[PDB]
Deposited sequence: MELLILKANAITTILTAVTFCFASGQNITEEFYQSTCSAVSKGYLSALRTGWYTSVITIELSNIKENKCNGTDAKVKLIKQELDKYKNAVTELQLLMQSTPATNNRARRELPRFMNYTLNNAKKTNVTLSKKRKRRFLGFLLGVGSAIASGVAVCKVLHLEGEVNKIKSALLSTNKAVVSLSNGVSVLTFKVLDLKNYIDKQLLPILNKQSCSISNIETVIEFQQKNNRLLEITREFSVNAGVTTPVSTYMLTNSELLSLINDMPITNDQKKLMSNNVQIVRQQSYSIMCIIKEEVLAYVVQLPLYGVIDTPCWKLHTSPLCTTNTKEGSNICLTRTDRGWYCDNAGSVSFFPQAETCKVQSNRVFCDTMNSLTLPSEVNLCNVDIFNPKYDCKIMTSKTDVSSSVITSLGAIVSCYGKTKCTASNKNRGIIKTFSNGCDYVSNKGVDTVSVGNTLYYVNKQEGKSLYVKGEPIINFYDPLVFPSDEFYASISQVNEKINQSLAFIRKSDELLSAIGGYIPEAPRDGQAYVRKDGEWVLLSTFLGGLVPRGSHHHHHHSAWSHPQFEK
């Protein structure tokens, strides 16, 4: 299942065995809350029950006023992470919102949700959206509160009506609160925006495959984090916002994680040493004949052995980029490195073990809870599997290794940094490539 290879020659390790789930699409549903047009009334009733009702009705009216004032606002430019392109993530969402502002378009929805709280409506721009009514405050305030306020004055008050209205009104107040401190766009989508039972019901009614229905349902928390809640409009007794859900159009393709660490010579004199680091670390997933590379592997969520990623955070590379692992000098692909005198010690915890880059006088060991040091690392880049090992210590820093099971393969090889004459080594390329470095080396070697 999940296995791992360490390449001694380049101080890198690849964890493989993973399966992809890459977001490639967006499903945009419209969540609605039916509001009520209430004008406050001349009501002379001291009784504290009525007073509490009116205090809650003010909360309601202020939440609406706040959301309206907010909807004047309607709703960028961001180791190889700078290489990423730039795009807006809520774009299909904002697209749907702009349609909802068209005259007559809100009326279309409330008519669909007149006899049911869940329906599929066709918008004038021709997208079919699932529409939910999740909270009907309209008829509640009208057929529960409104008569008490008006008919025969405030005399007929009931404490269970006070408590019930607090409960009903609360979701509106928390919806508003979230939107107010996020300028109208929310992520992850909270359970206020969409409850667990609602989200699941949404997924079951989507135009997605029976396969995808199962996948999204068994990972709702990941779905929430990759979803957006976009405040859209308040119009004609209706509050509406778009919940924008991830479609995973790439599933169960092979994924592997590349871990890299600095590779340095370990000469007696520590200021005559040269270093080299593979710069292409992160997640890789086979995808439509090419490879999707995610430079900031912190953007992918890993569940078991499935990797949930957003394709907006990837570069698309030739599949030949994998040859950098097995042969960094290959002719098919120019493998990326930096040459920056990073002779500082560190560890990188991998899926099934740990890479240790130990230099200078740093203490670098791997331990077991009950048995003490079982491996001492020497100067250089090395590796230990998580089998029998609990912690890794480099200097004053303690790392815990993952204890998930899997096979590790130590691929012995000569550290490639040894192939270079320190006197002509391009000693500071922040972002270079193997052949690029070889080029400059010869260029200065010609000066003889």
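Taken in order along the deposited sequence, the stretches absent from the coordinates are 1-26, 102-104, 108-136, 507-568.
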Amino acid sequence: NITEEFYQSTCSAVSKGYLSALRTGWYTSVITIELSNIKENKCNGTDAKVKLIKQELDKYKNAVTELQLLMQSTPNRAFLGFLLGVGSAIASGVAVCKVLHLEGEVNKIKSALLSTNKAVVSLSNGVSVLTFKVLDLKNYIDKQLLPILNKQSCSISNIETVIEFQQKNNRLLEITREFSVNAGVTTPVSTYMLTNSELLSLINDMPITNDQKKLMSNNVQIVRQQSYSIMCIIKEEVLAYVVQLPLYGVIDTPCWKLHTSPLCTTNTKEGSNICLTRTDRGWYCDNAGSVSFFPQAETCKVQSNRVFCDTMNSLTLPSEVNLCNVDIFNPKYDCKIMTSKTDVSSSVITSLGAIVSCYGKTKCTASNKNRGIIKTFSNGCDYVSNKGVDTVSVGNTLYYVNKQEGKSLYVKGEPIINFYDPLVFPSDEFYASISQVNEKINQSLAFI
From here on, numbers count along this sequence of modelled residues.
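If you average the C-alpha B-factors over 291-299 and over 158-166, the higher value belongs to 158-166. For the pair 404-412 and 383-391, the mean Cα B-factor is higher in 404-412. Within the selection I33, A63, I417, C43, the deposited Cα B-factor values reach their highest point at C43.
Highest C-alpha temperature factor among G271, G85, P254, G282 per the entry: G271. Per the PDB record, residue ranking by Cα B-factor puts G372 in the middle third of the chain. When the modelled residues of the chain are ordered by C-alpha B-factor, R278 sits in the lowest third. Ranked by C-alpha B-factor against the other modelled residues of its chain, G360 falls in the lowest third. In the deposited entry, the Cα temperature factor of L114 places it in the highest third of its chain's modelled residues. Looking at the C-alpha B-factors along this chain, the one for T28 belongs to the middle third.
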